[PDB]
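Cβ coordinates were reconstructed from backbone atoms using ideal geometry, including for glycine residues, and neighbour counts include every protein chain displayed. Just so it is clear, none of the values below were taken in a lab; they were calculated from the coordinates.
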Amino acid sequence: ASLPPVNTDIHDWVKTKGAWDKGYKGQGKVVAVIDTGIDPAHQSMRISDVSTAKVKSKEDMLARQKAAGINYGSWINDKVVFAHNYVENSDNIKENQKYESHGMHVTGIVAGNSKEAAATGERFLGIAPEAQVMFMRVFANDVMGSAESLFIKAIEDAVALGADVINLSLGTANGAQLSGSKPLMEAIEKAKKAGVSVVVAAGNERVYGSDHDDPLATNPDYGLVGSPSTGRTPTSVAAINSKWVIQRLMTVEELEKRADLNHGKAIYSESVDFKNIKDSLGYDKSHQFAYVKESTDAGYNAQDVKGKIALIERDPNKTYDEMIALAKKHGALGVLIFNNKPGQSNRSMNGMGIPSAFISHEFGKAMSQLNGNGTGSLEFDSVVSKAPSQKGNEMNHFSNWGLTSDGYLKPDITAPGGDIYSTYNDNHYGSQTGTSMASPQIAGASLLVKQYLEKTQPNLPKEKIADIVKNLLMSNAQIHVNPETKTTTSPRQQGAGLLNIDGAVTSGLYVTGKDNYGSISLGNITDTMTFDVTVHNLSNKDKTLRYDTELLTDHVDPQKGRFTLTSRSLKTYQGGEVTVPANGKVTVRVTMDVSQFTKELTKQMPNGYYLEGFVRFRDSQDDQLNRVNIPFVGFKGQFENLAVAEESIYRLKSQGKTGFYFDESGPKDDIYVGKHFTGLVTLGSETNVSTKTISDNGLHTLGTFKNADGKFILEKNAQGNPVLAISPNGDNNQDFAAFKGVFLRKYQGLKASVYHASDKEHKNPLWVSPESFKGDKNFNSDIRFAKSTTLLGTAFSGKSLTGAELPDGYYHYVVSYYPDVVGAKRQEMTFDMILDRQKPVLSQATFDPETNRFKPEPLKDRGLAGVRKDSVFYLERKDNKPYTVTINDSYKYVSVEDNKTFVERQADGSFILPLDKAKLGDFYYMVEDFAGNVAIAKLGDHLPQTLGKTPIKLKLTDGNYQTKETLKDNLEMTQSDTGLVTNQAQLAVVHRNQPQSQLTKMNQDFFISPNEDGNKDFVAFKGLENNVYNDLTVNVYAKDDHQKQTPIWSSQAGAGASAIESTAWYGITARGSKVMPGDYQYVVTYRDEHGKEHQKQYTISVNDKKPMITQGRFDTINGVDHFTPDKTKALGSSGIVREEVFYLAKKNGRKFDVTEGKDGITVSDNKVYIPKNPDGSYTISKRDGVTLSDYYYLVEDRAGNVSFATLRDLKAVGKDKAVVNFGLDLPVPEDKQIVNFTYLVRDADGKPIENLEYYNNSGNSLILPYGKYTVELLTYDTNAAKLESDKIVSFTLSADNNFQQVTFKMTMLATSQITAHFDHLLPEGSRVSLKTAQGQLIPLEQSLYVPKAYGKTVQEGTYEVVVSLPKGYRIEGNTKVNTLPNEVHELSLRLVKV
Ligand SMILES: [Ca+2]
Ligand SMILES: [Ca+2]
Ligand SMILES: [Ca+2]
Ligand SMILES: [Ca+2]
Ligand SMILES: [Ca+2]
Ligand SMILES: [Ca+2]
Ligand SMILES: [Ca+2]
Ligand SMILES: [Ca+2]
Ligand SMILES: [Ca+2]
Ligand SMILES: [Ca+2]
Ligand SMILES: [Cl-]
Ligand SMILES: [Mg+2]
């Protein structure tokens, strides 16, 4: 034919045609695209001449599938020769959106091959139009736990069926190169060895803080490159913006003759919120407009109010809505805001509170339309046009940057990802932006460089080939120059440069540093950079090249102290010439003294800076052919040791500074707990004098207190300092303190320790958090990404490693951690901390009867916290009672507080009491310390009845209004009883208040469920009332410890047979960790009056699993619904001991109710019970106001675990239907568990079941007809847990077994870090390994940034550092370590010679 022309907007730039014209189009290669969707009907989806393809027919395929075990997924046509949906286990591979399919677009880019024209009039091709496509539909739901296993099957399938390259969009911000998820890394190594190029988008988060503000110059570790592409084997791809852009434009023909404005044709950007221009003004219809100066009202009133689309420049003060709305007010019809900054890329507003005028941003100050001076006409194109782009040849804003988390240079290379036009569904095309557009450009190009290498170097093995495909692509790339600043683009942003395909299949040169890689990561840099660059020549003629090295660093806006993410050029240090043998290599030695720049740069980057850049090679004769180059980066400083956390908001405020994400709005020194800072947090709860407080107040920043307005304020003591103090007394007011961090770098090994503050060197921990934590920097790339993280696992509560109470005193609470670089130093951060459990001093005061002046003694605390506030209040009666009860009808919540009203405090320290407003003696005086201890005297308590007189001295004592609740006792012990006691409470069903609990005897069913639900949470011992129990100890022993010799929890000193709490075991170790389900020996020992030793032994069982309610039966009897639950079994620890049917009656409009008992207020569900009939049915009756979803069935096991279901939910099961439920069986507490996993159920022929119905609102419980089935575990968090039982389980539903329980038994995974640190660098030829318990070797390799150190992350276990060592050498030091979970273990080892 005479075919439409090809769009070379991208090919001209990346120089594709230099490869096409040498016969490299992808013919007989295959790209495996792992991604979201694909339409293989698309006209683009085409091969020319199947005869030359890798796979020549639908049968060549079924011949490849069975060949390697793939029993699933079809061949579709000559182009898309394999496709399987790995999420469903489906062959539904096409997405259904607005034709907008991501994976469609990606495939268009790598291998589109259309003959037809898109809407421009051109036809579009990929980099490899003649390559074949296998598509793996693979994508992630949170609901899975980990989609990784799916990606690995797609990778392994792709390899097996014979791909040449794989294209992944997959990414996890702040990847490491050496420690990504190992199952996925190894899958990738496996493709490399099969000669597969693994090409991965680098991510779209850009850099730390990117949704907030540019990064502080004290924080150079701002990189965020993706978790798989950051690995050494993949090719990791950054994105540049296309120079040409295909969009609907706007045209004023009255500006046709301005050729620098694309002939009167503008790029307009409406806000992502609204986008109302097409639907409100309509394409292809012409409208008036009128320049408005000044978006006030003045500006010629409203000339642009008749029909004119209003045209206004941006007022950087007035907001986008103060503008659109003010225009719509004057009659707008729709407004254009044209940019105030000249030459700038159309700011993105979003901004849509009060739009409704149909608005857009017109390109720049440029495109100020001033024809006939304000008046003009304009229309909106309905078809897309080619336009110069307002941001072409710029790095795309969001391409990931920086180094990998562990210090390596990535990404590797750049390609066009901004505004790329490619294929959508249903013969549509569209344009779309991101680093995963750039990635298929490079996937395509490595198709072609592979074709080449295969023709031109046929003696290259599978294993070596993908690594050379990469090294050519990089080394031949065009080093990009930032156009706004005229400086080389950072290699941390652009990699080895912009893609140059021709260069790569033409020059036959590539470059390599010492590490045999197309880029160079030097580690730390010290006043002298020396390194070895190596050029390689695949030609059999030869090349002579002249070279020179440009050295860069990061520019810093000195007004702001923030990186600008642009590079400044230091010095193009000069090189030389060298000649590169045919089929050989030559090595040159670059050397630069940078001593010169240290002072100027250390001044603006006090924690160090990057020294990076390129080494350029040109042909010595003609400097435009044989252009190749290598990137490098080092760190002037100690990259491994950069601060991991931002400094504490305390220290920063104290030195006039602020947090990177800290919102300083509000009253001076407000630290509301929802802001973002490093700090400590604690729980508060109010003190009430007229009723028992029934709920706490939530977390607040420790050291802050509500001021009059209820904002929480960092108060200072007399010396002008905040006070970090907790009062671990049981009252839930500041009883604990926990670390909250704003993390700057990825952290690992994080724990909390408490030392006595006179233990200055932190050598004797008194308490350590039971676990250790690890996590990500708070990079905040958009709203979904936390600006701070709270680690409640670091809660300290004044108990020690033993559970003993640590005395009131002055301690250091030390949070320690490590960055993710081997060899780094442990970073501590210290909080001075008071343990004070003592209320302030209530002495006496001077009341004078006619000045009405109450003045108390000056304020004195007991303990170190210090008095913080002085108060007087009375209880204003209201609805006749001194407190108000408040029922949050929507959250089903009740709260109660005093009607406290406060008397102002005159500056001299006293109070003028309003006795018009209540009696003296109904006023309370209150003194609070900084730890939360609260003293309150009711001053009437010590009033003389001689009221009116002359000034009297009044005695004040505390009323113990702030105390810890205590549990209702009521119990009388006979000698019959065991001695054991536990607690009893019902489970709320509607209200979310804490149900009333009270003590109960325990003379059977020795089983507890430590879940803090009120019911059987502990085992305490209570003695006969007149018996004596001297020296009373409880110890708990594991079942292994049959000699009862090493306790795992013991009563603290001073426990007594009648203080129950002192004796209560809550299934917890001495450290306060929940014990595992199992049996334990609870041993009570005491001496009586006579000194005879007594011991009472009991076997307690711990188990907190909720019971599983099965669907029962329903029958109609005398016209009334009858419910018959299935027979519960009673076989111990889980057997049912309580069975209820009830319903909730509405009263006062709701289903719960408040009752004002003698102590205080209590909340209950309006429960009404249904007698069990003698046939085991319950009669579910008529009852005005009550529907079947108001009737419940409830069960309790011997442990006190409770479950319930509405009868509506149980009745949704047909009478012929059965129910199967799937779950995981982990040997840990319910709060320590995965719940996330997906599964496939197949019917008796192997067909996936369709049209799912769920049982009792659980997506792990299905309603199915009777039959044979199988279930297969699809996904689960494989970093957290290992499957142990069968992955496929067969089961049969039937009217007898109409409820099946299928569980996948699992074990749980725990890692540790090990670092071996040496004295002096080890001699050449030494090898370091970890030797495992079974005798195997785990090789370690030198740390880049810390070369005396070798480390790895391992499975929790016992290891020994073995070292191989030549000549006469020896290692001394402890080489053995028993790792702990999430811990970091350092072995300092010593190298010795003679
Ligand atoms: Ca196409
Ligand atoms: Ca408080
Ligand atoms: Ca307290
Ligand atoms: Ca070390
Ligand atoms: Ca105190
Ligand atoms: Ca107060
Ligand atoms: Ca319980
Ligand atoms: Ca289906
Ligand atoms: Ca160092
Ligand atoms: Ca463990
Ligand atoms: Cl922004
Ligand atoms: Mg912005």
Positive-end extreme of charge dipole, segment 1113-1307 - chosen from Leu1264, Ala1199, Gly1214 (charges on Cβ): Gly1214
Determine the principal axes of the Cα atoms in segment 1113-1307, then give the extent along each, sorted from largest to smallest and rounded to whole angstroms. 56, 46, 33
Estimated inter-spin distance, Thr1155 and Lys571, nm [label 7 Å along Cα→Cβ]: 8.6 nm
Alpha-carbon Rg/Rh ratio, for segment 508-641, with Rh computed the Kirkwood way: 1.04
Using DSSP to define loop residues, name the trypsin sites (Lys or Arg not before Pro) in segment 483-567 whose beta-carbon has at most 13 other beta-carbon atoms within 10 Å. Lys486, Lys514, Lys541, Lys560
Among 1182-1188, 898-904, what's the highest-first ranking by average C-beta atoms within 10 angstrom per residue? 898-904, 1182-1188
Using just the C-alpha positions of segment 37-181 as equal point scatterers, what log10 of I(q)/I(0) does the Debye formula give at each q in 0.15 1/Å? -0.82
Extension gain (nm, one decimal) between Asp977 and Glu379, 0.36 nm per residue minus Cα-Cα: 206.1 nm
List the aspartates and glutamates whose Cα lies under 15 Å from the Cα of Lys462, skipping any in the same chain that are fewer than 8 positions away. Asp164, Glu189, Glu454
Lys470: which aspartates and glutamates have alpha carbons under 12 Å from its alpha carbon, excluding same-chain residues fewer than 8 sequence positions away? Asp412
Is it possible to state the helix-based mean residue ellipticity at 222 nm for the chain, with each DSSP H run of 4+ residues giving -39500 (n - 2.57), the sum divided by total residues, to the nearest 500 deg cm²/dmol? What is it? -2500 deg cm²/dmol
Per-residue HN-Hα couplings for segment 296-304, Karplus 6.51 cos²θ - 1.76 cosθ + 1.60 at θ = phi - 60°, whole Hz, x for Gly and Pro? 9, 10, 2, x, 6, 6, 10, 5, 8
Starting from 0.36 nm per residue, how many nanometres of slack lie between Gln559 and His756 once their C-alpha separation is accounted for? 66.6 nm
Using 20 Å bins from zero, what percent of all Cα-Cα pairs in the chain falls into each bin? 8, 28, 35, 23, 6, 0
Going through the cross-link list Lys763/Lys787; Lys917/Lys1147; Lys182/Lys1305; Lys243/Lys514, which pairs have a Cα-Cα distance over 29 Å in this structure? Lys763/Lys787; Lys917/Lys1147; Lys243/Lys514
Considering only Cα-Cα distances, which of the following residue pairs are longer than 31 Å: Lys599/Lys1393; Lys1022/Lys1127; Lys278/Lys386; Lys1282/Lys1348; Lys410/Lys1393; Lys257/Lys318? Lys599/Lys1393; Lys1022/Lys1127; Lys1282/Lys1348; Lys410/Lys1393; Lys257/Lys318
If you consider only alpha-carbon coordinates, what radius of gyration and Dmax does segment 1023-1092 have, in Å? 13.0, 39
Greater than 24 Å separation of Cα atoms is the criterion. Which listed pairs, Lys275/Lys365; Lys1074/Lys1105; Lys746/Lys1105, meet it? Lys746/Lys1105
Pairs of Cα atoms farther than 31 Å apart, segment 649-835, %: 18 percent
Segment 511-560: Rg to Rh, with Rh as the Kirkwood radius over Cα pairs: 1.12
Based on the mean of other Cβ atoms within 10 Å per residue, sort peptides 1042-1048, 1166-1172 so the most packed one is first. 1166-1172, 1042-1048
Computed over segment 1311-1392, the relative contact order (Cα-Cα under 8 Å, seq sep at least six) in percent reads 43 percent
P(r) weight above 13 Å for segment 1351-1394, C-alpha pairs, percent: 58 percent
Among all the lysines, which ones have a C-alpha under 17 Å from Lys1247's C-alpha, if same-chain residues fewer than 8 places away are not counted? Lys1268
Could you check the simple spin-label distance between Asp260 and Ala1059, using points 7 Å along Cα→Cβ, in nm with one decimal? 8.6 nm
Quick one: what are the phi-derived ³J(HN,Hα) couplings along segment 12-29, Karplus 6.51/-1.76/1.60 with θ = phi - 60°, whole Hz, x for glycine and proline? 3, 6, 7, 6, 3, 4, x, 8, 4, 6, 8, x, 10, 10, x, 4, x, 10
For segment 330-396, with the dipole built from +1 on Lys and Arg beta-carbon atoms and -1 on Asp and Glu ones, taken about the Cα centre, which of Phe338, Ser368, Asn393 lies farthest toward the positive end? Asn393
Grab the beta carbon distance between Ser1290 and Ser1073, set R0 = 56 Å, and tell me the FRET efficiency rounded to 0.05. 0.90
Size of the dipole of segment 508-641 about the Cα centre, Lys and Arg at +1 and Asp and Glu at -1 on the beta carbon, nothing else charged, in debye to 20? 120 debye
Roughly what would the spin-label model give for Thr296 and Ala804, points 7 Å off Cα along C-beta, in nm? 7.6 nm
Please state the shape class of segment 245-386: rounded when a/c is under 1.5, otherwise prolate if a/b exceeds b/c and oblate if not, all from the C-alpha gyration tensor. rounded
So, with +1 on the Cβ of K and R and -1 on the Cβ of D and E, and no other charges, what is the size of the charge dipole of the chain about its Cα centre, to the nearest 20 debye? 1820 debye
Protection-proxy order for peptides 1308-1315, 1127-1134, 871-878, each taking the mean of Cβ atoms within 10 Å per residue, highest first: 1308-1315, 871-878, 1127-1134
Segment 980-1102 - Rg and Dmax from Cα coordinates, angstrom: 15.1, 54
Given axes a ≥ b ≥ c from the Cα gyration tensor, I'd like to know whether segment 395-446 is rounded (a/c under 1.5), prolate (a/b larger than b/c) or oblate. prolate
Count neighbours as other Cβ atoms within 10 Å of each site's Cβ, and list the GluC sites (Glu not before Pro) in segment 288-335 that are DSSP loop with at most 15 such neighbours. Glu294
Could you tell me the ratio Rg/Rh of segment 758-798? Both radii from Cα atoms, Rh via Kirkwood. 1.14
With unit charges on the beta carbons (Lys and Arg positive, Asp and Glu negative) and the dipole taken about the Cα centre of the chain, which residue among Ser871, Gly171, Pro882 sits farthest to the positive side? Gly171
